[PDB]
Structures are given as structure tokens and as C-alpha cells.
Asker: 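Would you mind keeping the following structure in view while I ask a few things?
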Amino acid sequence: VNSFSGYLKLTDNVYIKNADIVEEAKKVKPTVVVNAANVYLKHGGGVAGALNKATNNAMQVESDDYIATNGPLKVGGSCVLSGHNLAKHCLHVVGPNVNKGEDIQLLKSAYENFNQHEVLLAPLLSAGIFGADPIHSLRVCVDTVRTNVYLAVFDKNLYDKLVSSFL
Ligand SMILES: CC[C@@H](O)[C@H]1CCCN1c1ncnc2[nH]ccc12
Ligand SMILES: [Cl-]
């Protein structure tokens with residue numbers, strides 16, 4: 001039993017809700033929140049900008065030190081950093097950016113990072129400004145993640161479309 005509330009069940013392990021991930025994180029304070037990061041951990045907009053803003057820029061300060069030490073992440077890769085005031089940990093995951101020509105096949109690699117954590121609050125990856133189709137991203141999520149994932153979908157119209165077309 002966990003404290004996530006109001007989710008629709010898609011499969012044994014995947015749950016979905018029309019919600020702002022920032023609000024879900026503040027309310028639930030989960031063990032792991034997933035950020036839809038870029039390789040530079042520059043949290044400018046979308047999920048990352050909103051999460052970082054909610055930490056009063058502490059996420060960005062921590063991230064800049066991470067990059068100065070370790071260099072950029074790989075597309076498809078991840079790192080575990082603090083969740084600040086939103087969660088115990090933040091799993092920063094880089095999906096491919098199709099508007100940059102990056103291989104959409106790397107989206108499966110991105111979701112594989114979720115399997116290192118028993119339970120996560122997450123967005124779909126590679127959608128938003130990363131350019132990919134959210135319907136495809138959900139299929140990859142369901143077919144890749146085996147741990148318990150609670151998906152927060154910001155746009156109500158998209159949520160309704162994802163849950164009406166789900167196979
Ligand atoms: C389908 C993927 C989409 O849901 C992602 C990509 C764009 C923004 N978005 C968000 N998701 C959840 N919570 C959010 N809070 C602020 C933004 C946001
Ligand atoms: Cl985004």
C-alpha cells in the first residue's frame with residue numbers, strides 16, 4: 001500500500017493520472033520523482049523547469065556541481081540526485097530529443113532506468129518539447145518498466161486520449 005490516490009490502473013505495474021507532477025510530488029513526497037532532463041541538467045522548462053522552480057533553484061545548483069564533476073549524461077541515461085523538498089530522491093532521466101535528431105529507440109533505454117527503483121512518480125518521457133508522440137512513449141513505458149510507476153500527465157486532453165486508445 002502507498003499514498004498515491006486517484007490513479008487509473010493500466011497494467012499490473014503502471015498507473016496514470018491527469019496531474020501536474022510538481023503538485024503530486026509536493027502532496028505525496030514520494031521516494032523517487034523522475035525528472036525529464038537533458039544531458040546538461042539545464043532545467044529550463046517543462047517538467048524540469050517546473051520541478052527546479054519548486055525547489056527554489058536548489059535542484060539547478062546541485063545539478064551544476066554534478067555536471068562540473070562528472071560531465072554530461074548520455075541520451076538514454078540517468079543519475080540519482082536529491083529530491084529536495086519534493087521527494088527523497090530525483091531520478092534525472094534523459095529521453096531522446098527527436099527535434100535534435102536523436103534516435104527514438106533510445107526512449108526504451110531511458111525507461112530502463114526506472115527498473116532500478118521499486119516505485120516512482122514520473123512523467124512520460126521524450127514528449128513535451130522533446131518532440132515525441134506521447135502515445136508512443138506510453139506504449140514504450142508499459143512495455144519496458146516492470147517496477148511500479150505512477151504517471152502524471154499534465155494535459156487533460158492528452159490524458160483522455162492516452163487512456164481511451166490504450167491497448
Ligand atoms: C506527456 C508528457 C507531459 O505530461 C510533460 C512534458 C511537458 C510537460 N509535462 C508535464 N507533465 C507532468 N507534470 C508537469 N508539470 C509541469 C509540466 C508537466
Ligand atoms: Cl518537458
Side-chain angles (χ1 to χ4, degrees), residues 7-8 10-11 13-25 32-55 57 59-60 62-64 66-67 70-81 83 86-87 89-117 120-147 149-167:
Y7 284 74
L8 180 75
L10 292 179
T11 68
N13 66 296
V14 179
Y15 295 83
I16 192 164
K17 184 180 177 185
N18 170 223
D20 184 337
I21 198 178
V22 178
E23 293 306 315
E24 281 295 292
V32 180
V33 67
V34 174
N35 181 31
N38 57 60
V39 296
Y40 307 111
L41 302 180
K42 285 308 186 204
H43 307 305
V47 169
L51 286 172
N52 175 58
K53 178 177 177 185
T55 76
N57 211 50
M59 177 179 285
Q60 191 63 68
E62 177 194 32
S63 293
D64 287 351
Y66 171 93
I67 296 287
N70 301 109
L73 293 183
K74 295 169 179 182
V75 180
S78 69
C79 67
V80 180
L81 291 173
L86 302 179
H89 308 284
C90 179
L91 181 69
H92 296 271
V93 182
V94 183
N97 183 331
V98 162
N99 300 329
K100 285 198 189 178
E102 296 172 355
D103 181 9
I104 193 61
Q105 295 302 309
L106 291 169
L107 184 53
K108 189 171 184 74
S109 304
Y111 279 120
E112 286 171 343
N113 294 288
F114 290 27
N115 290 321
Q116 301 294 318
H117 304 276
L120 315 86
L121 168 65
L124 292 171
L125 296 173
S126 290
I129 73 139
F130 282 60
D133 183 355
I135 305 175
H136 173 67
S137 182
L138 176 60
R139 188 74 258 165
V140 178
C141 180
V142 162
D143 292 343
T144 306
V145 181
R146 299 177 299 284
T147 54
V149 57
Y150 288 83
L151 294 167
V153 179
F154 186 71
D155 186 55
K156 170 63 174 170
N157 312 316
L158 173 63
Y159 171 81
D160 286 351
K161 186 157 114 165
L162 291 167
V163 306
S164 55
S165 65
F166 182 71
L167 206 43

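Side chains are part of it too, since the values below use all heavy atoms of this structure and drop only hydrogens, waters and symmetry mates. Residues: numbered from 1 along the sequence shown.
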Asker: Could you pull out the closest heavy-atom pair between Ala110 and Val93, with the gap in Å?
Answerer: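 That would be O-CG1, 3.4 Å.
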Asker: Might you point out which heavy atoms bring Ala48 and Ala36 nearest each other, and give the distance in Å?
Answerer: CB-O, 4.0 Å
Asker: Any heavy-atom pair between the side chains of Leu124 and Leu162 that's under 4.5 Å?
Answerer: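 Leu162 reaches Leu124 side chain to side chain.
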Asker: Decide if atom CD of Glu23 counts as having more than 12 heavy atoms of other residues, nucleotides or ligands within a radius under 6.0 Å.
Answerer: yes
Asker: Closest heavy-atom contact between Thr55 and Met59?
Answerer: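 Nearest pair, atom of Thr55 first, then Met59: OG1-N, 3.0 Å.
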Asker: Is any side-chain heavy atom of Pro96 closer than 4.5 Å to one of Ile104?
Answerer: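 A side-chain contact under 4.5 Å exists here.
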Asker: Applying side-chain hydrogen bond (donor to acceptor under 3.5 Å, both in side chains), can you list everything that pairs with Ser109, at least two apart in sequence or on another chain?
Answerer: none
Asker: Answer whether the closest heavy-atom distance between the side chains of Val22 and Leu51 falls below 4.5 Å.
Answerer: yes
Asker: Mind checking whether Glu24 and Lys17 have side chains closer than 4.5 Å, heavy atoms only?
Answerer: yes
Asker: Please check if the side chain of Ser164 supplies one atom and the backbone of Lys161 the other of a donor-acceptor pair under 3.5 Å.
Answerer: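 Yes; judged by distance alone, with no hydrogens or angles, the pair exists.
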Asker: Quick check: do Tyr159 and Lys156 have side-chain heavy atoms less than 4.5 Å from each other?
Answerer: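 Result yes, sub-4.5 Å side-chain heavy-atom pair found.
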Asker: For a side-chain contact (heavy atoms from CB on, under 4.5 Å) with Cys79, tell me which candidate from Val94, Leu91, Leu41, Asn35 qualifies.
Answerer: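 Result for side-chain contact (heavy atoms from CB on, under 4.5 Å) with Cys79: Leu41.
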Asker: Is there a side-chain contact between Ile129 and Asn99 (heavy atoms, below 4.5 Å)?
Answerer: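 They are not in side-chain contact.
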Asker: Heavy atoms only: give me the nearest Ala122-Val149 pair and the separation to one decimal.
Answerer: CB-CG2, 4.0 Å
Asker: Do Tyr111 and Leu125 have side chains that get closer than 4.5 Å, going by heavy atoms?
Answerer: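 Result yes, sub-4.5 Å side-chain heavy-atom pair found.
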Asker: List the atom of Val33, the atom of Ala87, and the distance in Å for their closest heavy-atom pair.
Answerer: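 Reported closest heavy-atom pair: CG1-CB, 3.7 Å.
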Asker: Are any of the side-chain heavy atoms of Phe166 and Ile16 separated by less than 4.5 Å?
Answerer: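 The answer is no, as the side chains (C-beta and beyond) never meet within the 4.5 Å cut-off.
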